[PDB]
Protein chains: 2
Amino acid sequence: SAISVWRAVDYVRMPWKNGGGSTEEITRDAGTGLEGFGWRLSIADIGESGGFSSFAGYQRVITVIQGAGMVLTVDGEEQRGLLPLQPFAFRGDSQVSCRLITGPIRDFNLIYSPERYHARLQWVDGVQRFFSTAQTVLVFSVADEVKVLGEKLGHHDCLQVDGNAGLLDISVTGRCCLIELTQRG
Amino acid sequence: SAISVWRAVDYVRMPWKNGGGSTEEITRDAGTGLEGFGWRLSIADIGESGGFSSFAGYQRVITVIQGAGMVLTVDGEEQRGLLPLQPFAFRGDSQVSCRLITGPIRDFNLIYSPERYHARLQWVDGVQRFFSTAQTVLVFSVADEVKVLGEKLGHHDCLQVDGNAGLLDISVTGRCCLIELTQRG
Ligand SMILES: [Cl-]
Ligand SMILES: [Cl-]
Ligand SMILES: [Cl-]
Ligand SMILES: [Cl-]
Ligand code: NA
């Protein structure tokens with residue numbers, strides 16, 4: 001089991017082509033096929049209301065992490081309110097748009113290919129402990145200090161365990177999102 | 001002392017903001033929340049001439065590992081030709097641009113914070129043996145087989161020893177880069 005830590009102060013802001021905001025890539029699988037990535041973690045800055053790009057064949061789970069929330073319109077809609085730290089799953093082929101009813105928003109974005117990855121996502125707080133055989137475990141901090149696997153994650157830092165091949169026993173303290181990804185087949 | 005072996009097939013690639021190329025992450029230290037990584041290994045794919053990101057307070061050592069070579073301009077100063085496997089050191093704060101003259105180039109990139117890490121870098125071939133108290137030892141292979149510490153590194157695989165706390169006795173065979181990093185505590 002290899003531990004890597006992604007520090008948010010090292011993230012690179014990539015403005016969107018449409019000027020509606022920007023993306024900070026955190027990490028992703030190798031995923032270099034014409035098929036593309038198997039999974040990707042990023043933080044999206046959403047600066048103005050607008051539509052979301054499509055990602056046919058991918059599952060998305062997004063979570064507001066900065067800002068008071070925003071409203072989403074998914075396909076044929078009831079409008080969905082996204083509050084801070086409330087994750088929201090939707091298919092990547094859905095037509096989705098957001099309205100920034102309180103100002104600009106930052107989302108924590110998980111996207112993965114159901115064909116290629118098993119996936120688990122859970123926001124947690126306090127002291128947590130889990131056992132997992134998942135190949136990749138990610139811990140994304142939204143606190144000043146999330147302690148996990150001997151590391152201290154600051155704000156939007158992300159710890160990544162890779163190449164797990166046994167049962168990991170992981171304790172976490174603090175407000176963070178736990179993601180577990182395992183290659184299928 | 002824990003050994004990880006990063007396999008080049010799993011190197012996560014990220015494209016550059018300006019589109020000039022891409023960076024494959026090899027490994028980086030855990031860093032801190034405030035100051036980000038203290039060091040990083042990566043392979044940069046340079047597909048177009050152009051400028052290099054600046055990294056104030058960081059020291060860089062880059063080495064052409066694929067392609068016939070390229071020309072650097074460091075600040076406004078004289079051109080530097082980088083030939084395959086000739087390491088070149090420069091400050092992260094210097095404005096640096098490269099001119100491709102033979103096509104795209106791949107660089108092995110070391111970066112570290114001199115305030116936070118002692119560092120050593122040496123390209124070697126053949127049989128090597130060294131003793132080092134360094135806390136982290138990385139061996140980056142540019143050969144089909146580099147034997148070190150009972151592992152076998154293939155093309156651009158990278159061995160990493162962490163948390164060494166005595167005098168390591170390390171033997172290496174084959175064409176590779178030896179990097180040693182120690183926190184300045
Ligand atoms: Cl999007
Ligand atoms: Cl995404
Ligand atoms: Cl660069
Ligand atoms: Cl670098
Ligand atoms: Na830094």
# chains A, B, ... in the order shown; residues from 1 in each chain; ligands from 1
>>> interface_residues(of="chain A", to="chain B", cutoff="6 Å", atoms="only C-alpha atoms", output="list in words")
residues 5, 7, 9, 10, 30 and 154 of chain A
>>> residues_near_ligand(ligand="ligand 3", cutoff="9 Å", atoms="only C-alpha atoms and all ligand atoms", output="PyMOL selection string")
chain B and resi 16+23+44+51-55+92+96+109
>>> write_last_selection(atoms="N, CA and C atoms", output="short mmCIF file (atom, residue, chain, number, x, y, z; two decimals), in the first residue's frame")
data_model
loop_
_atom_site.label_atom_id
_atom_site.label_comp_id
_atom_site.auth_asym_id
_atom_site.auth_seq_id
_atom_site.Cartn_x
_atom_site.Cartn_y
_atom_site.Cartn_z
N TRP B 16 -0.73 20.19 -19.60
CA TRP B 16 -0.37 21.53 -19.14
C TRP B 16 -1.47 22.54 -19.46
N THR B 23 2.53 16.37 -17.99
CA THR B 23 3.39 15.94 -16.91
C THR B 23 2.85 14.63 -16.38
N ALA B 44 8.17 15.16 -17.65
CA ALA B 44 7.50 16.17 -18.44
C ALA B 44 7.65 15.79 -19.91
N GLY B 51 7.57 28.46 -22.54
CA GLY B 51 8.06 28.76 -21.22
C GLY B 51 7.80 27.65 -20.23
N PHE B 52 8.51 27.74 -19.12
CA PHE B 52 8.39 26.80 -18.02
C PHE B 52 7.75 27.52 -16.85
N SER B 53 6.81 26.85 -16.20
CA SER B 53 6.26 27.37 -14.96
C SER B 53 7.38 27.70 -13.99
N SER B 54 7.17 28.75 -13.20
CA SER B 54 8.11 29.14 -12.17
C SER B 54 7.66 28.58 -10.83
N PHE B 55 8.64 28.30 -9.97
CA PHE B 55 8.39 27.65 -8.68
C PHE B 55 9.33 28.31 -7.68
N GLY B 92 13.87 27.47 -9.41
CA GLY B 92 12.47 27.56 -9.80
C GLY B 92 12.01 28.97 -10.08
N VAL B 96 12.39 30.54 -17.48
CA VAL B 96 13.05 29.56 -18.31
C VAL B 96 12.13 29.23 -19.46
N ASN B 109 12.11 15.13 -14.29
CA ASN B 109 12.08 16.36 -13.50
C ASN B 109 12.22 16.03 -12.02
#
>>> residues_around(residues="residue 140 (chain A)", least_positions_apart="2", cutoff="7 Å", atoms="only C-alpha atoms", output="number ranges by chain")
A: 138, 142, 156-159, 176-178
>>> residues_around(residues="residue 148 (chain A)", least_positions_apart="5", cutoff="7 Å", atoms="only C-alpha atoms", output="PyMOL selection string")
chain A and resi 171-173
>>> closest_residue(among="A:170, A:110, A:68, A:98", to="ligand 2", atoms="only C-alpha atoms and all ligand atoms")
A:110
>>> select_by_dssp(residues="region 22-176 of chain A", states="strand (DSSP E)", output="VMD selection string")
chain A and resid 22 to 28 39 to 46 50 to 51 59 to 66 70 to 74 80 to 82 88 to 91 96 to 99 105 to 112 117 to 124 127 to 132 136 to 141 146 to 148 151 to 153 158 to 162 168 to 173 176
>>> write_last_selection(atoms="C-alpha atoms", output="PDB file, in the first residue's frame")
ATOM      1  CA  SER A  22     -12.320  26.566 -13.623  1.00  0.00           C
ATOM      2  CA  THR A  23     -11.152  23.103 -12.590  1.00  0.00           C
ATOM      3  CA  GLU A  24      -8.388  22.079 -10.186  1.00  0.00           C
ATOM      4  CA  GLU A  25      -7.425  18.494 -10.970  1.00  0.00           C
ATOM      5  CA  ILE A  26      -6.623  16.540  -7.834  1.00  0.00           C
ATOM      6  CA  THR A  27      -5.895  13.049  -9.094  1.00  0.00           C
ATOM      7  CA  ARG A  28      -7.206  10.430 -11.512  1.00  0.00           C
ATOM      8  CA  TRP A  39     -12.034   8.043 -12.746  1.00  0.00           C
ATOM      9  CA  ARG A  40     -11.134  11.567 -11.847  1.00  0.00           C
ATOM     10  CA  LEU A  41     -11.197  13.792  -8.779  1.00  0.00           C
ATOM     11  CA  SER A  42     -11.247  17.554  -9.172  1.00  0.00           C
ATOM     12  CA  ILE A  43     -12.552  20.752  -7.625  1.00  0.00           C
ATOM     13  CA  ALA A  44     -14.751  22.787  -9.952  1.00  0.00           C
ATOM     14  CA  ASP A  45     -15.036  26.535  -9.441  1.00  0.00           C
ATOM     15  CA  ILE A  46     -18.416  27.628 -10.811  1.00  0.00           C
ATOM     16  CA  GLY A  50     -24.529  27.718 -16.956  1.00  0.00           C
ATOM     17  CA  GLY A  51     -24.591  24.207 -18.265  1.00  0.00           C
ATOM     18  CA  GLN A  59     -21.176   8.396 -13.225  1.00  0.00           C
ATOM     19  CA  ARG A  60     -20.744  11.732 -11.491  1.00  0.00           C
ATOM     20  CA  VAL A  61     -21.017  12.625  -7.824  1.00  0.00           C
ATOM     21  CA  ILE A  62     -20.590  16.258  -6.989  1.00  0.00           C
ATOM     22  CA  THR A  63     -20.569  18.111  -3.695  1.00  0.00           C
ATOM     23  CA  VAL A  64     -20.619  21.801  -2.931  1.00  0.00           C
ATOM     24  CA  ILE A  65     -17.638  22.520  -0.708  1.00  0.00           C
ATOM     25  CA  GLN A  66     -17.434  26.337  -0.797  1.00  0.00           C
ATOM     26  CA  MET A  70     -26.684  26.253  -5.917  1.00  0.00           C
ATOM     27  CA  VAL A  71     -29.617  24.812  -7.840  1.00  0.00           C
ATOM     28  CA  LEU A  72     -29.311  22.101 -10.492  1.00  0.00           C
ATOM     29  CA  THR A  73     -31.653  21.239 -13.317  1.00  0.00           C
ATOM     30  CA  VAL A  74     -31.187  17.635 -14.508  1.00  0.00           C
ATOM     31  CA  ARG A  80     -32.448  20.121  -7.055  1.00  0.00           C
ATOM     32  CA  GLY A  81     -30.935  22.255  -4.316  1.00  0.00           C
ATOM     33  CA  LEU A  82     -27.318  21.349  -3.531  1.00  0.00           C
ATOM     34  CA  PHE A  88     -25.381  14.592  -5.540  1.00  0.00           C
ATOM     35  CA  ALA A  89     -25.113  11.718  -8.001  1.00  0.00           C
ATOM     36  CA  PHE A  90     -26.106  12.002 -11.650  1.00  0.00           C
ATOM     37  CA  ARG A  91     -25.278  10.273 -14.903  1.00  0.00           C
ATOM     38  CA  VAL A  96     -27.501  19.467 -16.433  1.00  0.00           C
ATOM     39  CA  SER A  97     -27.352  23.150 -15.686  1.00  0.00           C
ATOM     40  CA  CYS A  98     -26.795  25.088 -12.523  1.00  0.00           C
ATOM     41  CA  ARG A  99     -28.102  28.381 -11.221  1.00  0.00           C
ATOM     42  CA  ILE A 105     -19.567  27.868  -5.791  1.00  0.00           C
ATOM     43  CA  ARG A 106     -16.772  25.320  -5.459  1.00  0.00           C
ATOM     44  CA  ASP A 107     -17.672  21.662  -5.938  1.00  0.00           C
ATOM     45  CA  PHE A 108     -15.762  18.509  -5.137  1.00  0.00           C
ATOM     46  CA  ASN A 109     -16.167  16.388  -8.286  1.00  0.00           C
ATOM     47  CA  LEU A 110     -15.951  12.652  -8.539  1.00  0.00           C
ATOM     48  CA  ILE A 111     -16.419  11.153 -11.983  1.00  0.00           C
ATOM     49  CA  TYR A 112     -15.845   7.534 -12.832  1.00  0.00           C
ATOM     50  CA  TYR A 117     -14.557   1.000 -11.581  1.00  0.00           C
ATOM     51  CA  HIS A 118     -16.442   0.049  -8.526  1.00  0.00           C
ATOM     52  CA  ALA A 119     -16.853   3.224  -6.491  1.00  0.00           C
ATOM     53  CA  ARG A 120     -17.891   4.388  -3.049  1.00  0.00           C
ATOM     54  CA  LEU A 121     -18.273   7.920  -1.780  1.00  0.00           C
ATOM     55  CA  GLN A 122     -19.118   9.093   1.722  1.00  0.00           C
ATOM     56  CA  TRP A 123     -18.793  12.397   3.542  1.00  0.00           C
ATOM     57  CA  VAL A 124     -17.897  11.802   7.199  1.00  0.00           C
ATOM     58  CA  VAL A 127     -13.559   9.898  14.333  1.00  0.00           C
ATOM     59  CA  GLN A 128     -14.074   7.234  11.692  1.00  0.00           C
ATOM     60  CA  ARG A 129     -12.577   3.853  11.134  1.00  0.00           C
ATOM     61  CA  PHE A 130     -13.176   1.503   8.230  1.00  0.00           C
ATOM     62  CA  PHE A 131     -11.717  -1.621   6.718  1.00  0.00           C
ATOM     63  CA  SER A 132     -11.610  -1.794   2.961  1.00  0.00           C
ATOM     64  CA  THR A 136      -7.627   3.000  -4.237  1.00  0.00           C
ATOM     65  CA  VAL A 137      -8.788   4.943  -1.194  1.00  0.00           C
ATOM     66  CA  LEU A 138      -9.029   8.711  -1.293  1.00  0.00           C
ATOM     67  CA  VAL A 139      -9.592  11.024   1.637  1.00  0.00           C
ATOM     68  CA  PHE A 140     -10.481  14.571   0.625  1.00  0.00           C
ATOM     69  CA  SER A 141     -10.326  17.080   3.483  1.00  0.00           C
ATOM     70  CA  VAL A 146      -7.926  15.690   8.862  1.00  0.00           C
ATOM     71  CA  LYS A 147      -5.681  13.027  10.392  1.00  0.00           C
ATOM     72  CA  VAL A 148      -5.395   9.780   8.448  1.00  0.00           C
ATOM     73  CA  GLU A 151      -0.766  12.331   7.599  1.00  0.00           C
ATOM     74  CA  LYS A 152      -2.418  15.634   8.386  1.00  0.00           C
ATOM     75  CA  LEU A 153      -4.596  16.914   5.573  1.00  0.00           C
ATOM     76  CA  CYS A 158      -6.330  14.744  -0.601  1.00  0.00           C
ATOM     77  CA  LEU A 159      -4.679  11.588   0.627  1.00  0.00           C
ATOM     78  CA  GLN A 160      -4.550   8.693  -1.840  1.00  0.00           C
ATOM     79  CA  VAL A 161      -3.803   5.060  -1.091  1.00  0.00           C
ATOM     80  CA  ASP A 162      -2.911   3.108  -4.266  1.00  0.00           C
ATOM     81  CA  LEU A 168      -6.785  -1.748   4.819  1.00  0.00           C
ATOM     82  CA  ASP A 169      -7.665  -0.590   8.316  1.00  0.00           C
ATOM     83  CA  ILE A 170      -8.034   3.188   8.087  1.00  0.00           C
ATOM     84  CA  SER A 171      -8.821   5.682  10.819  1.00  0.00           C
ATOM     85  CA  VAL A 172      -9.821   9.221   9.943  1.00  0.00           C
ATOM     86  CA  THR A 173     -10.473  12.218  12.135  1.00  0.00           C
ATOM     87  CA  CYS A 176     -13.641  14.755   4.811  1.00  0.00           C
TER      88      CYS A 176
END
>>> atom_distance(atom1="CA of residue 116 (chain A)", atom2="CA of residue 175 (chain A)")
28.5 Å
>>> atom_distance(atom1="CA of residue 75 (chain B)", atom2="CA of residue 100 (chain B)")
17.0 Å
>>> closest_residue(among="A:69, A:166, A:19, A:38", to="ligand 2", atoms="only C-alpha atoms and all ligand atoms")
A:38
>>> closest_residue(among="B:183, B:113, B:49, B:1", to="ligand 4", atoms="only C-alpha atoms and all ligand atoms")
B:113
>>> closest_residue(among="B:48, B:179, B:21, B:87", to="residue 102 (chain B)", atoms="only C-alpha atoms")
B:48
>>> atom_distance(atom1="CA of residue 145 (chain B)", atom2="CA of residue 165 (chain B)")
27.6 Å
